[PDB]
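Take a look at the structure below.
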Amino acid sequence: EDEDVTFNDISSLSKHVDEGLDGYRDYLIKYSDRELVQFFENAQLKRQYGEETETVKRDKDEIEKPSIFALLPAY
Amino acid sequence: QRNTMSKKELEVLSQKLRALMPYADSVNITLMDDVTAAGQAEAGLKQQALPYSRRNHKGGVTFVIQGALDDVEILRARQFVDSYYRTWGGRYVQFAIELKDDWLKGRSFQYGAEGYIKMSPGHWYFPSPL
């Protein structure tokens, strides 16, 4: 409800909206189980023909990356 | 090169050795060349095709053999070194043999004078010049 800032551009608006959902995104990520979340993320992207092996295991602050559309089923 | 003695001193040395060895009638002292020793060492490593590095010191030469050697290489090296040691002993030339894994475990890195190691995408280490 704060009209305290008005937006120069697409990215400024988009980020302002995005940062608002994080109170919900936290709650979903607290209780889902990350291995599913990542599995779905990699699946909606067509990447590397949808599933491929990983030689190396490397965790990339994946907590802030994950889309809500990935989080919901896992929860 | 590394010994400075007179003939008299050498004779005295001879006689004292003879006193230590009551079964020997005499001890013959022979002067050998350091350059010869070092050269025969390096020639043997080339002849065996082993990869190596050489380091020089005021009183010694060190050959460092390190990495992921194959079992044939390890066999050859063990045989050669064992032969050399029995001829020249271990005082002047030393052979350092080290099996070890590939450097930095298969991380990627920037190896200049300002190098660094990637831990993961998004993560830099900057530990030392590489």
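Letters A, B, ... mark the chains of the structure tokens in the order given; residue numbers begin at 1 per chain; ligand numbers begin at 1, in order shown.
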
Return as a tab-separated table the residues of chain A lying at most 12 Å from chain B, together with the closest atom-to-atom pair for each and the distance in Å to one decimal, counting only C-alpha atoms, with rows in chain order and ascending residue number.
```
residue	atom	partner	partner_atom	distance
A:55	CA	B:106	CA	10.8
A:56	CA	B:120	CA	9.1
A:57	CA	B:120	CA	8.9
A:58	CA	B:120	CA	6.2
A:59	CA	B:120	CA	8.2
A:60	CA	B:122	CA	7.4
A:61	CA	B:122	CA	9.7
A:62	CA	B:122	CA	11.9
```

Practice task
Would you mind writing down, as a ChimeraX atom specification, each residue of chain B that DSSP on the backbone assigns to strand (DSSP E or B)?
Solution key: /B:53-57,60-67,93-99,109-110,116-120,123-124

Suppose we keep C-alpha atoms; can you now write the selection as a compact mmCIF listing (two decimals), in the first residue's frame?
```txt
# COMPACT_ATOMS: atom_id res chain seq x y z
CA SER B 53 62.69 -30.99 -12.45
CA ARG B 54 66.25 -30.15 -11.42
CA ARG B 55 67.37 -27.91 -8.55
CA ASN B 56 70.94 -26.88 -7.75
CA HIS B 57 72.43 -26.07 -4.36
CA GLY B 60 73.91 -30.88 -3.95
CA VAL B 61 71.52 -31.54 -6.80
CA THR B 62 67.88 -32.56 -6.32
CA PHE B 63 65.66 -34.21 -8.94
CA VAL B 64 61.93 -33.87 -8.25
CA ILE B 65 59.68 -36.47 -9.91
CA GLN B 66 56.03 -35.81 -9.08
CA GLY B 67 52.50 -36.32 -10.37
CA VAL B 93 72.42 -36.51 -5.53
CA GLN B 94 68.88 -36.98 -4.14
CA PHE B 95 65.76 -38.24 -5.98
CA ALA B 96 62.36 -37.08 -4.69
CA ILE B 97 59.48 -39.26 -5.97
CA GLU B 98 55.90 -38.14 -5.21
CA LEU B 99 52.63 -39.68 -6.31
CA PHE B 109 41.71 -21.20 -12.05
CA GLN B 110 43.51 -18.19 -13.48
CA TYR B 116 42.91 -17.04 -8.34
CA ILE B 117 40.87 -20.21 -7.87
CA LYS B 118 37.20 -20.55 -8.66
CA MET B 119 35.55 -22.55 -5.92
CA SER B 120 32.28 -22.59 -7.83
CA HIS B 123 32.90 -17.77 -5.77
CA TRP B 124 36.52 -16.53 -5.92
```

Practice task
Pick out each residue of chain B that DSSP on the backbone tags as helix (DSSP H, G or I); I need them as a VMD selection string.
Solution key: chain B and resid 7 to 20 34 to 47 71 to 88 103 to 106

Problem - All residues 8 Å or closer to stretch 20-37 of chain A, only C-alpha atoms, same chain fewer than 6 positions away omitted, as JSON, numbers by chain - result: {"A": [63, 66, 68, 70, 71, 72, 74, 75]}

Selected residues, N, CA, C and O atoms, written as a PDB file, in the first residue's frame, please.
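selection-v4.pdb, written as the output of this step:
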```
ATOM      1  N   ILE A  63      18.438 -20.590  -2.383  1.00  0.00           N
ATOM      2  CA  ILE A  63      17.273 -20.135  -1.618  1.00  0.00           C
ATOM      3  C   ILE A  63      16.603 -18.906  -2.231  1.00  0.00           C
ATOM      4  O   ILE A  63      15.369 -18.829  -2.290  1.00  0.00           O
ATOM      5  N   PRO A  66      14.825 -19.549  -6.240  1.00  0.00           N
ATOM      6  CA  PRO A  66      13.806 -20.502  -6.691  1.00  0.00           C
ATOM      7  C   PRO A  66      12.458 -19.833  -6.921  1.00  0.00           C
ATOM      8  O   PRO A  66      11.963 -19.090  -6.074  1.00  0.00           O
ATOM      9  N   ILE A  68       8.431 -19.385  -7.326  1.00  0.00           N
ATOM     10  CA  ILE A  68       7.270 -19.857  -6.579  1.00  0.00           C
ATOM     11  C   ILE A  68       6.586 -21.007  -7.306  1.00  0.00           C
ATOM     12  O   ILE A  68       6.092 -21.954  -6.681  1.00  0.00           O
ATOM     13  N   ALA A  70       7.998 -23.217  -8.868  1.00  0.00           N
ATOM     14  CA  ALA A  70       8.705 -24.421  -8.462  1.00  0.00           C
ATOM     15  C   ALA A  70       8.418 -24.797  -7.017  1.00  0.00           C
ATOM     16  O   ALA A  70       8.295 -25.979  -6.696  1.00  0.00           O
ATOM     17  N   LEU A  71       8.306 -23.817  -6.134  1.00  0.00           N
ATOM     18  CA  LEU A  71       8.151 -24.129  -4.721  1.00  0.00           C
ATOM     19  C   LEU A  71       6.818 -24.774  -4.379  1.00  0.00           C
ATOM     20  O   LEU A  71       6.754 -25.584  -3.452  1.00  0.00           O
ATOM     21  N   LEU A  72       5.748 -24.438  -5.083  1.00  0.00           N
ATOM     22  CA  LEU A  72       4.427 -24.838  -4.597  1.00  0.00           C
ATOM     23  C   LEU A  72       4.211 -26.345  -4.543  1.00  0.00           C
ATOM     24  O   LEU A  72       3.859 -26.861  -3.462  1.00  0.00           O
ATOM     25  N   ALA A  74       6.350 -28.736  -4.294  1.00  0.00           N
ATOM     26  CA  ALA A  74       7.199 -29.373  -3.307  1.00  0.00           C
ATOM     27  C   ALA A  74       6.581 -29.238  -1.931  1.00  0.00           C
ATOM     28  O   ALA A  74       6.548 -30.195  -1.156  1.00  0.00           O
ATOM     29  N   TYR A  75       6.056 -28.057  -1.628  1.00  0.00           N
ATOM     30  CA  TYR A  75       5.419 -27.837  -0.340  1.00  0.00           C
ATOM     31  C   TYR A  75       4.239 -28.772  -0.154  1.00  0.00           C
ATOM     32  O   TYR A  75       4.097 -29.427   0.888  1.00  0.00           O
TER      33      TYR A  75
END
```

Practice task
Fewer than 2 positions away in the same chain doesn't count, so skip those; otherwise give me all residues within 12 Å of stretch 20-31 of chain B, counting only C-alpha atoms, as a list in words.
Solution key: residues 1, 2, 3, 4, 5, 7, 9, 10, 11, 12, 13, 14, 15, 16, 17, 18, 33, 34 and 36 of chain B

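In terms of minimum interatomic distance to residue B:42, B:81 ranks closest within B:129, B:105, B:91, B:81, counting only C-alpha atoms.
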
Handout entry: Point-to-point distance from atom CA of residue B:115 to atom CA of residue B:130, Å rounded to tenths
Key = 5.5 Å

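With only C-alpha atoms as the atoms that count, the residue of B:43, B:8, B:84, B:100 with the shortest distance to residue B:69 is B:100.
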
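Picture a line from atom CA of residue B:79 to atom CA of residue B:58; it runs 28.1 Å.
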
Problem - Interatomic distance, atom CA of residue B:19 to atom CA of residue B:92 (Å, one decimal) - result: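 Distance between the two atoms: 26.7 Å.
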
Practice task
List the neighbours of residue A:42 out to 8 Å using only C-alpha atoms; skip same-chain residues closer than 5 positions along the sequence, and give me the result as a ChimeraX atom specification.
Solution key: /A:47,50-51

Write a file of the just-selected residues containing N, CA and C atoms, as a PDB file, in the first residue's frame.
```pdb
ATOM      1  N   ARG A  47      16.671 -27.412 -20.145  1.00  0.00           N
ATOM      2  CA  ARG A  47      18.126 -27.396 -20.183  1.00  0.00           C
ATOM      3  C   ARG A  47      18.731 -28.782 -20.371  1.00  0.00           C
ATOM      4  N   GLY A  50      16.723 -31.650 -20.478  1.00  0.00           N
ATOM      5  CA  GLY A  50      15.832 -31.910 -19.364  1.00  0.00           C
ATOM      6  C   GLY A  50      16.385 -32.655 -18.163  1.00  0.00           C
ATOM      7  N   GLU A  51      17.168 -33.713 -18.366  1.00  0.00           N
ATOM      8  CA  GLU A  51      18.011 -34.209 -17.289  1.00  0.00           C
ATOM      9  C   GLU A  51      19.363 -34.690 -17.794  1.00  0.00           C
TER      10      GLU A  51
END
```
